[PDB]
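Quick notes on the structure that follows.
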Amino acid sequence: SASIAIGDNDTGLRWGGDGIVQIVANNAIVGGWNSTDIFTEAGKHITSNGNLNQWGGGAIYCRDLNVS
Amino acid sequence: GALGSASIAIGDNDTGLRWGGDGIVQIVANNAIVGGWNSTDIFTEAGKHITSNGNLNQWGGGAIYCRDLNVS
Amino acid sequence: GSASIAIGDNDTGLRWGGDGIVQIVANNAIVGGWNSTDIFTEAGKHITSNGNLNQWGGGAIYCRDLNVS
Amino acid sequence: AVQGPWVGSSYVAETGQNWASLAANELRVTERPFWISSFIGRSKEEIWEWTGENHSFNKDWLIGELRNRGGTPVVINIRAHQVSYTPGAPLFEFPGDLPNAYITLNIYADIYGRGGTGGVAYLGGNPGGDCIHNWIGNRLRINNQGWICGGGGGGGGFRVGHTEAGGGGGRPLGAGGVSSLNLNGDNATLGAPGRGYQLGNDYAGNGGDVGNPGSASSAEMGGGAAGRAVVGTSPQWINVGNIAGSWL
Ligand SMILES: [Mg+2]
Ligand SMILES: [Mg+2]
Ligand SMILES: [Mg+2]
Ligand SMILES: [Mg+2]
Ligand SMILES: [Mg+2]
Ligand SMILES: [Mg+2]
C-alpha cells in the first residue's frame, strides 16, 4: 500500500518511488531507504545514543568530524 | 498487546513499530525500544547501537559529532 | 503480527527476519534491519545522514577508517 | 604522537583541536580530503623552553635530544645565555641526518661559540669557536631576537729569548695562555676578552671580542682567527637580528 500511518495520520512510512520508502513524522520527510541506502533528508540528523559503528571493508565519510 | 493499538506488529506481537506520541515513532524488538524517529531526527535509545556494514556517510554542511573515535 | 508490511508494493517494506528481528527491504534487496540491541545495514549497504551524524553519550564511533573531505 | 586505536581522543590530546580538519593542520597534514588513519604516528611541533643559563653547553646533548623526537619538528625558545663548553666544537650542530622535519631557534638571549685560548711563547692564539654549524639547510629556521656570536680568537703568545708569556683568552670565557714561567694571560669573562700578559712595551696579545680575531703580541705572534656565527649551509632567517661574526 501507498501509506502506512503510525498513530497520527501525518506520521509513518510511505511510497517514495519505485523501490523507495519515505520516513515521515508530522508531515516532515525525515529520511527513507532504497535498495542501497538508509538515509536522512537534508538537515535531518542520525543520532546513536549507544555506539555508532562501521564494520567491514568500507569506511566513514564526512565533511568534518568533531571529537569532544 | 505490548505494542498496543497504534502499532504495526512485524513477525510477533512485541516487535515492530509503535506510536510514541504525535509525530513520534518507536522502533521495537522483543519489547525493547531500540530507537525511533521524529520530525527532525532518526535515533537509537541509550545504549542501543547503529551499525553500517557498508559505508557510514555524512554529506553536506553538517558534521559528524562523537565522544571518541576508534579506528581499526 | 504480519510476516510482511508492503510499502508501495510487495517487494519493498518491512519483513519478519527471525525472532525479534525485522528486515528492511527495497525491491527485495535486504538493505538492513533491526533487533533488540541494534539498527544496522547489511554488507555493502550504506547509512547516510544529510544533516549531522552523531554519537551521543558514553559510547563511541568504531570504524575501519574515516575520510574527511 | 597520535596513536590508534583511539585516534579521536588521541588527536584531541595531541593537537588541542576537536575538529579533525583543524587537528590535521596541527599535524601538518595537507591532503584534502584526508584519511584519519594518516594522523597515526604524527605529532604537533614540540616547543622547548630553556631558561637555564649554560656556559658549558655540549652540542652532542642537543643532537641526542633532537634524535629522540624522531621526525617531530622542534621549536626551541632560548631565554638564557648559552656558551659552548669548548672552542673546538660549535655551540649547536645540526647534522645532515637529523630526522626532525624542521628545527626553529627562537633566540631571546645571547648565544656564543666559546672564546679561543691565548697562545704561549712563539705560538699564535687559538681560533674562536663557532656558534652554529648548520648541515640541514632551510630545515633550520632562526628567529634571532638576541645575539648570535662567534667566539673571539685568543691573543698571540709572547716570547723573546728565554722569556715566555701567554695571550688573553677570546670572549666569551676563553682561557688565557699559561706559560712555562706562569707569565699567563687572563681568562676572558662572558662580556669581555682577557688581557694578555703585559710588561711595559712587551706584551702577549689580548683576546678578541666576539666575532673578532685575537690581538697579535708585541713579538708579532698572531691572534687566533675569529669564531663564526653560522657555518655550513644557510638556514631560513625568520629574523637575522644582531650577529657578531660571519654567517650565511
Ligand atoms: Mg495531515
Ligand atoms: Mg525527494
Ligand atoms: Mg500533525
Ligand atoms: Mg517476541
Ligand atoms: Mg518492482
Ligand atoms: Mg632587525
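Line by line, the protein sequences give chains A, B, C and D. Taking PDB author numbering, I'd label the letters of the first sequence as residues 570 to 637. Taking PDB author numbering, I'd label the letters of the second sequence as residues 566 to 637. Taking PDB author numbering, I'd label the letters of the third sequence as residues 569 to 637. Taking PDB author numbering, I'd label the letters of the fourth sequence as residues 2 to 249. Even for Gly, the Cβ is constructed at its ideal location relative to N, Cα and C.
Item	Value
Once the 5 residues before and after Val241 (chain D) are set aside, which same chain residues still bring their CB inside 7 Å of it?	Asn145
So with Cβ pairs under 8 Å, would you call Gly42 (chain D) a contact of chain B?	no
Among residues of its own chain, excluding the 5 on either side of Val161 (chain D), which ones have a beta-carbon nearer than 8 Å to its beta-carbon?	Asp203, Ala220
Mind listing the chain D neighbours of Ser637 (chain C)? Cutoff is C-beta to C-beta under 8 Å, in chain order.	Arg33, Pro34
Heavy atom of ligand 8 less than 7 Å from the Cβ of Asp579 (chain A), yes or no?	Ligands present in the displayed structure are limited to ligand 1, ligand 2, ligand 3, ligand 4, ligand 5 and ligand 6, and ligand 8 is not among them.
Is the Cβ of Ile573 (chain C) closer than 8 Å to any Cβ of chain B?	yes
For a contact meaning CB atoms closer than 7 Å, what does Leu634 (chain B) contact in chain D?	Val8, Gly9
Using CA coordinates, which residue listed in D:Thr234, D:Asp210, D:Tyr103, D:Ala205 is at the minimum distance from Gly71 (chain D)?	D:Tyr103
Indicate whether at least one CB of chain B lies closer than 8 Å to the CB of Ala597 (chain C).	no
In whole angstroms, what separates the C-alpha of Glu54 (chain D) from that of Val636 (chain C)?	46 Å
Mapping the DSSP letters down to three states, classify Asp61 (chain D) as helix, strand or coil.	helix
Report back the beta-carbon spacing between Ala166 (chain D) and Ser180 (chain D) to the nearest angstrom; my notes put them in contact at under 8 Å.	5 Å
Taking Cβ to Cβ, would you say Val8 (chain D) is nearer than 8 Å to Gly42 (chain D)?	no
Nearest-angstrom Cα distance between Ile573 (chain B) and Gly581 (chain A)?	10 Å
Any idea which residues DSSP pairs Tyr204 (chain D) with across the strands?	D:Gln199
Can you determine whether any heavy atom of ligand 4 sits closer than 7 Å to the C-beta of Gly588 (chain C), and answer yes or no?	yes
Please go through the same chain and pick out, in chain order, the residues whose beta-carbon is closer than 6 Å to the beta-carbon of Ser216 (chain D), but skip the five residues on each side of it.	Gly156, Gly206, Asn207, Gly224
Please go through the same chain and pick out, in chain order, the residues whose beta-carbon is closer than 8 Å to the beta-carbon of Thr52 (chain D), but skip the five residues on each side of it.	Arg80, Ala81
Hey, would you say the C-beta of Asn595 (chain B) is under 7 Å away from at least one heavy atom of ligand 4?	yes
Using the beta-carbon of each residue, which ones in chain C are nearer than 9 Å to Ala2 (chain D)?	The premise fails here: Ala2 (chain D) is roughly 18 Å from chain C at the closest Cβ pair, so nothing lies under 9 Å.
Using only alpha-carbon positions, find the residue among D:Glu46, D:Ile149, D:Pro6, D:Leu182 that is nearest to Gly17 (chain D).	D:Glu46
Considering only residues of the same chain and omitting the five flanking positions on each side of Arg196 (chain D), which have a CB-CB separation below 6 Å?	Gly169, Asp187, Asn207
On the criterion of 16 or more Cβ atoms from any shown chain inside 10 Å, does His163 (chain D) qualify as buried, or is it exposed?	exposed
For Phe159 (chain D), collect the residues of the same chain with a Cβ closer than 6 Å to its Cβ; drop the 5 residues on either side in sequence, then sort them by chain order.	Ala166, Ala205, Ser218, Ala220
With a cut-off of 8 Å on the beta carbons, I'd call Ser604 (chain A) and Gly588 (chain A) a contact; round off their distance for me.	5 Å
Within this structure, are the beta carbons of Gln623 (chain A) and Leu621 (chain B) separated by less than 8 Å?	yes
By DSSP, does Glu47 (chain D) sit in helix, in strand, or in coil?	strand
Identify the residues that DSSP records as bridge partners of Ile104 (chain D): which are they?	D:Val75, D:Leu141
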